[PDB]
Amino acid sequence: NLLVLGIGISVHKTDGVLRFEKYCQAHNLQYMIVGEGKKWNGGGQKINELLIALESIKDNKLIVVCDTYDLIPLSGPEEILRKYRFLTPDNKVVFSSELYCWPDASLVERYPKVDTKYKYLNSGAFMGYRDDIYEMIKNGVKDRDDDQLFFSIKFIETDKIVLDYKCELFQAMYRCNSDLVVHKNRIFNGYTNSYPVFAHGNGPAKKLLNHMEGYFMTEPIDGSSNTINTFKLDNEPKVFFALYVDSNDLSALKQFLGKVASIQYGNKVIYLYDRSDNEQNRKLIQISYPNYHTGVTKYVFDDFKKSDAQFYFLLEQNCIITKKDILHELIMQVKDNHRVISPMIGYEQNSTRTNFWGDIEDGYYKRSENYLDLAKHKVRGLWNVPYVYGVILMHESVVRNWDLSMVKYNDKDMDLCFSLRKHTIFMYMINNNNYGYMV
Amino acid sequence: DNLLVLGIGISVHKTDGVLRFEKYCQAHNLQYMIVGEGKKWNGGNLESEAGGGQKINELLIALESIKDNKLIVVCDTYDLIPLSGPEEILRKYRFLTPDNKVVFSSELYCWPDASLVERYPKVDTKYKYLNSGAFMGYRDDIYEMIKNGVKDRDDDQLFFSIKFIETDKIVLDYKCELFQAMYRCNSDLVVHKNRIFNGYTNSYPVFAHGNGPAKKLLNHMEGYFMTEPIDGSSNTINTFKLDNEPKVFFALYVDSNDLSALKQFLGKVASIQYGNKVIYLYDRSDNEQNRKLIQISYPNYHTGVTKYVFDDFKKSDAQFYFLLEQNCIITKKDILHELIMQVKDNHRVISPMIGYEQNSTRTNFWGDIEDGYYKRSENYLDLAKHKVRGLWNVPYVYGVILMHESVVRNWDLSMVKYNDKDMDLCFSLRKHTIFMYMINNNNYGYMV
Ligand SMILES: O=c1ccn([C@@H]2O[C@H](COP(=O)(O)OP(=O)(O)O)[C@@H](O)[C@H]2O)c(=O)[nH]1
Ligand SMILES: O=c1ccn([C@@H]2O[C@H](COP(=O)(O)OP(=O)(O)O)[C@@H](O)[C@H]2O)c(=O)[nH]1
Ligand SMILES: OC[C@H]1O[C@H](O[C@@H]2[C@@H](O)[C@H](O)[C@@H](CO)O[C@H]2O)[C@H](O)[C@@H](O)[C@@H]1O
Ligand SMILES: OC[C@H]1O[C@@H](O)[C@H](O)[C@@H](O)[C@@H]1O
Ligand SMILES: OC[C@H]1O[C@@H](O)[C@H](O)[C@@H](O)[C@@H]1O
Ligand SMILES: OC[C@H]1O[C@@H](O)[C@H](O)[C@@H](O)[C@@H]1O
Ligand SMILES: OC[C@H]1O[C@@H](O)[C@H](O)[C@@H](O)[C@@H]1O
Ligand SMILES: OC[C@H]1O[C@@H](O)[C@H](O)[C@@H](O)[C@H]1O
Ligand SMILES: OC[C@H]1O[C@@H](O)[C@H](O)[C@@H](O)[C@H]1O
Ligand SMILES: [Mn+2]
Ligand SMILES: [Mn+2]
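Residues numbered from 1 in each chain as written, not as in the entry; some residues may be left out. Chains lettered and ligands numbered in written order. Heavy atoms only, no water. Residues with missing side-chain atoms left out of burial classes, pairs and counts.

1. Here's the deal with the coordination of the manganese ion (ligand 11)
By definition of the ideal shapes, four donors in a tetrahedron about a metal sit 109.5 degrees apart, and six donors in an octahedron sit 90 or 180 degrees apart.
Residues and elements named next belong to chain B.
For step 1, the next point in the chain: Distances from the manganese ion (ligand 11) to its protein donors, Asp76 (OD), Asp79 (OD), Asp79 (OD) and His209 (NE2), fall within 2.1 to 2.4 Å.
For step 2, the next point in the chain: The site at the manganese ion (ligand 11) holds 6 donor atoms, and with the angles between them running 57 to 170°, its shape is irregular.
For step 3, the next point in the chain: The sequence pattern describing where the donors of the manganese ion (ligand 11) fall on their chain is D-x2-D-x129-H. Both residues of the pair, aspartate 76 and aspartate 79, count as buried. (Donors = N, O, S within 2.8 Å, 3.2 Å for Na, K, Ca; no water. Tetrahedral: all angles 85-135°; square planar, octahedral: opposite > 155°, others 65-115°. Buried < 20%, exposed > 50% of the residue type's maximum accessible area, 1.4 Å probe, protein only.)

This is how it looks when you write it as structure tokens:
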């Protein structure tokens, strides 16, 4: 009765596609990921891989076709089918609407005139019968052709497409901040008076969807999650501790190593990466920590990749961990699209200054609407944020499969986060407990 | 494993408070019984005095019929809802008391005897004192404490406070894991993921208790909670029609001293689409000169009326009472169909939100009240501008009100406090724990 075709063309899965899959599963939506396992080469490749997928669907199924990296469903098939039937009694293909006419601004005068601001087609989500969609795309396109232009022209030049002007099925979120609010585990659009099913953080609006993600749920919360706030795994995966130290500040080095040594975890290997090139501390340090390296000024992944460890645990010398069972606690949260997790810590004398950024502007720190709420623990959980620092747990499927060594901002911590953002790998801050402090 | 919730609901007729409790219990698969159903309350005026001993007396009676040693929750129902189910409750109980003691709610204040302050255990937290509106333990242990009974007008909270201080039978839920007494805890509490989160204790309390004046906080939060995922297509089609119309009694409050206003209003009322109706006109005018003309169109016409009247309705076979004031202009013709479709469970009094024609953010509901008059609530403007839509539990509604017969037939809606018909109707409903729901789902009309 319904199949969702999510476009997810990549050799390795992004967190965007993993999040999409989790929300489909939560809402009982049957899906397939179009292009899974293939190399990405705009957006016409979406149409070409779609055509392949449709060729293998024999019968005339009702389908949704949608983006995955920046999009989640918030309801299930029953609501979707009610809305489709209302929107198009004669079974045409329904496309998302949006605020802007692109990529060809000259189509403005060829679109139907409407009272609403939601005037134009967005190709990132649509719904209709397999045969009808197949008929429109059956000749293929160029990989580097624009899929949005392709369908905009079809809308203007044929009677095959209807636009979702009232945002019943689909929401293109960009520049619609003032219309949207989180209410009862949904987005409500007060301009249209609707609860859109598919939330599309199109273009820069990935930041708004990622912001809202921490307020949605895929299942009711277990309110006893932290009633007992001690954690111990049944089976411990191997964790590679990557310690970024500076023996030029010997007092800080000693304080930090003492705290790391008190983290309770059996199945570990510890590497020290010292930015100093002065060899005078090697004898003393190596007695306790043989895997000691000097003159290191970048984050290092080669030792990890050559190991059999399952997790990379990055620790900076100015981050003091006091919660001894923290690795057990953190590993219990690594599932689905949660693969990079950073415990929230603040300066002792200044607890509003923490190791995460809630927002970013032109690459630098911006105060988000919920930053102070998070930093003061007014709400707790996992939070999709643009930058995390100094205490970072990463699953091997991130470190082994993606380039984390891209350069833009020169500072090692800013370039790690830049790399993750570029790959659609999400950083989750966690503030469930008192974990430590920065010095 | 097993759990039974014993909600205290001593009344001949059910309040909306108990109906809301029952709905949330059912939503969370909590097995429950209502203690005291069918009996008259004789426990005192708890809004302004000590009391509540009758709750212990009716509990005792109820426990006599639970022969085996079941794990039970006992709780208030008029101002209290559960937000999770039995699995979470049992995990928390077992963590809080490995030796199976009776767990009581905590609260901020030492009530009703302020001199017990020096007798309580000293603790770091502000949640220092016992609240008897929710507790959990084994039937035999609770039975043992209450087996002799008390006076109906005795204070139940005092009774258990003394037991906590003088025995080892009770422990307090200091961290608000099972229970939250919400009064004066506003800054601690936030709505998040269909729960209350307490940032002071770092907990998600199961039972949300609007104790004392905090009924206003719980009623406010109610509009943001759900008992089931919402149906996002609820207003995709915004026309409504009942094929089998229940009988509706239209009670029109009119003033023929402004004849042009009266005619404009009646022309809108006559375009409300509804067949199975009876229409009464209650005119505040004492001038009889318009009787002959009006009665041609509306034979059920009465003059000199300055109060809301329910006796004609009670003599009828109508199932709903639809109150309409002359300055309320209804433009949505299918409105009664729309409103009747929302009447279920604890939703029995429903008022469509309309604004003044020249000033749409001044509406026919009040979000808060101070010494009886309007006060601006935290979400009033959001509601007035349709930033969020639905049903909202508010202290005052005016001018367009649909009431189920189970309210009108069974409760005194004619109590006097302000000597003002609209203010005194809402006062009466608040007194009885009958809730007023504003609804803002569609464009309904306007006030003049
Ligand atoms: O490596 C890639 C890049 C993009 N896409 C798909 O193309 C969609 C459109 O790109 P994006 O959503 O970034 O564009 P926007 O909606 O911001 O214009 C993404 O969600 C994916 O579904 C993909 O499958 N693989
Ligand atoms: O007519 C009444 C009045 C009170 N109660 C019960 O007594 C409790 C305590 O009164 P309330 O909760 O109104 O007050 P508070 O917790 O503020 O004392 C109610 O919740 C009911 O469970 C009752 O059963 N019938
Ligand atoms: O008096 C018995 C009554 O006590 C509790 O209710 C209120 C209490 O929490 C508050 O501190 C005082 C003063 O505002 O008012 C009390 O009515 C308890 O919640 C209730 O169940 C109990 O019967
Ligand atoms: O990168 C290792 C360390 O280098 C030092 O020079 C800085 O003061 C620390 O904040 C940092 O943790
Ligand atoms: O929009 C998602 C959330 O954003 C936060 O910044 C606000 O404080 C919340 O009230 C809101 O639910
Ligand atoms: O109560 C009936 C009517 O009386 C008139 O005098 C008032 O101006 C109206 O606002 C009211 O609806
Ligand atoms: O506390 C319940 C609700 O109250 C409203 O007044 C706020 O605007 C919401 O953000 C909040 O969730
Ligand atoms: O010393 C006790 C600790 O030993 C660690 O190896 C283990 O990871 C912890 O869970 C705890 O058992
Ligand atoms: O006529 C009574 C009405 O008066 C209006 O001025 C007010 O906004 C309404 O809430 C209601 O009180
Ligand atoms: Mn997209
Ligand atoms: Mn109570």
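Still more ground to cover, so stick around.
2. Details of the coordination of the manganese ion (ligand 10)
Residues and elements named next belong to chain A.
For step 1, the next point in the chain: Taken together, the protein ligands of the manganese ion (ligand 10) are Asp67 (OD), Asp70 (OD), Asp70 (OD) and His200 (NE2), with distances of 2.1 to 2.4 Å.
For step 2, the next point in the chain: For the manganese ion (ligand 10), the 6 donor atoms in the first shell make angles of 58 to 175° at the metal, a pattern classed as irregular.
For step 3, the next point in the chain: Each donor residue of the manganese ion (ligand 10) belongs to the same chain, with the gaps between them written as D-x2-D-x129-H. Of this pair, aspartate 67 sits in strand β3 (residues 62-67) while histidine 200 sits in strand β11 (residues 198-200), and the two are 133 residues apart along the sequence. Note on accessibility: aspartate 67 and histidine 200 belong to one class, buried. (Helix = DSSP H or I, 4+ residues; strand = E, 2+ residues; numbered from the N terminus.)

3. Quick look at the packing of helix α2 (residues 44-55) of chain A against helix α4 (residues 130-137) of chain A
Residue and element names in this part refer to chain A.
For step 1, the next point in the chain: At a closest axis distance of 10 Å, the pairing of α2 and α4 adopts a crossing angle of 135°. As far as their axial angle goes, α4 and α2 are oblique. Two packed elements cross with a definite hand, and for α2 against α4 that hand is left-handed. Between α2 and α4, the residues in contact are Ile47, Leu50, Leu51, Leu54 and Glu55 and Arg130, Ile133, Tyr134 and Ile137, respectively.
For step 2, the next point in the chain: Residue composition of the contact of α2 with α4, grouped by class: 7 nonpolar, no polar and 2 charged. (Axes fitted to C-alpha atoms, helices over the stretch in contact; angles between N-to-C directions. Parallel < 35°, antiparallel > 145°, perpendicular 65-115°, else oblique. Left-handed = near helix turned anticlockwise from the far one by under 90°. Contact = heavy atoms within 4.5 Å. Nonpolar A, V, L, I, M, F, W, Y, C, P; charged D, E, K, R; others polar.)

4. Some points on the domain arrangement of chain B
Often, the extent of an interface is quoted as the loss of accessible area on bringing the components together.
All names here are of chain B.
For step 1, the next point in the chain: As assigned here, chain B comprises domain 1 (4-222) and domain 2 (248-447).
For step 2, the next point in the chain: The gap between the C-alpha centroids of domain 1 and domain 2 is 36 Å.
For step 3, the next point in the chain: On the side of domain 2, 17 residues touch domain 1, which itself brings 15 residues to the contact.
For step 4, the next point in the chain: Each partner contributes to the roughly 1,300 Å² buried at the junction of domain 1 and domain 2, and carbon and sulfur atoms together form 47% of this total.
For step 5, the next point in the chain: A per-residue breakdown of the area domain 1 buries against domain 2 is headed by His13, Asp16 and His220, which together make up 39% of the total.
For step 6, the next point in the chain: Summed over the shared surface of domain 1 and domain 2, the result is 2 salt bridges.
For step 7, the next point in the chain: In this structure, the salt-bridge partner of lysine 216 is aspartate 368, at a minimum N-O distance of 3.0 Å.
For step 8, the next point in the chain: Here domain 1 and domain 2 share 8 residue pairs in polar contact between them.
For step 9, the next point in the chain: If you list the elements that add at least two residues to the side of domain 1 that touches domain 2, you get α1 (16-27) and α6 (215-222). (Domains from an automatic or database assignment. Buried area = accessible area lost by both parts, 1.4 Å probe. Salt bridge = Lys/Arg side-chain N within 4 Å of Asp/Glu carboxyl O. Polar contact = N/O pair within 3.5 Å; in protein donor to acceptor, adjacent residues only side chain to side chain.)

5. Quick look at the site of ligand 2
All names here are of chain B.
For step 1, the next point in the chain: Around ligand 2, 14 residues are found, and the nearest of them are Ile8, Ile10, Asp79, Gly212 and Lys215.
For step 2, the next point in the chain: Within the backbone of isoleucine 10, a nitrogen or oxygen atom sits 2.8 Å from an oxygen atom of ligand 2.
For step 3, the next point in the chain: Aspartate 76 is positioned such that a nitrogen or oxygen atom in its side chain is 3.1 Å from an oxygen atom of ligand 2.
For step 4, the next point in the chain: For ligand 2, whose free accessible area comes to 520 Å², the fraction covered by protein is 82%.
For step 5, the next point in the chain: In terms of residue count, strand β1 (residues 4-11) provides more of the shell around ligand 2 than any other element does, 3 residues in total.
For step 6, the next point in the chain: Its residues assigned to classes, the shell around ligand 2 comprises 5 nonpolar, 5 polar and 4 charged. (Near = heavy atom within 4 Å. Areas by Shrake-Rupley, 256 points an atom, 1.4 Å probe, with all protein chains shown as cover.)

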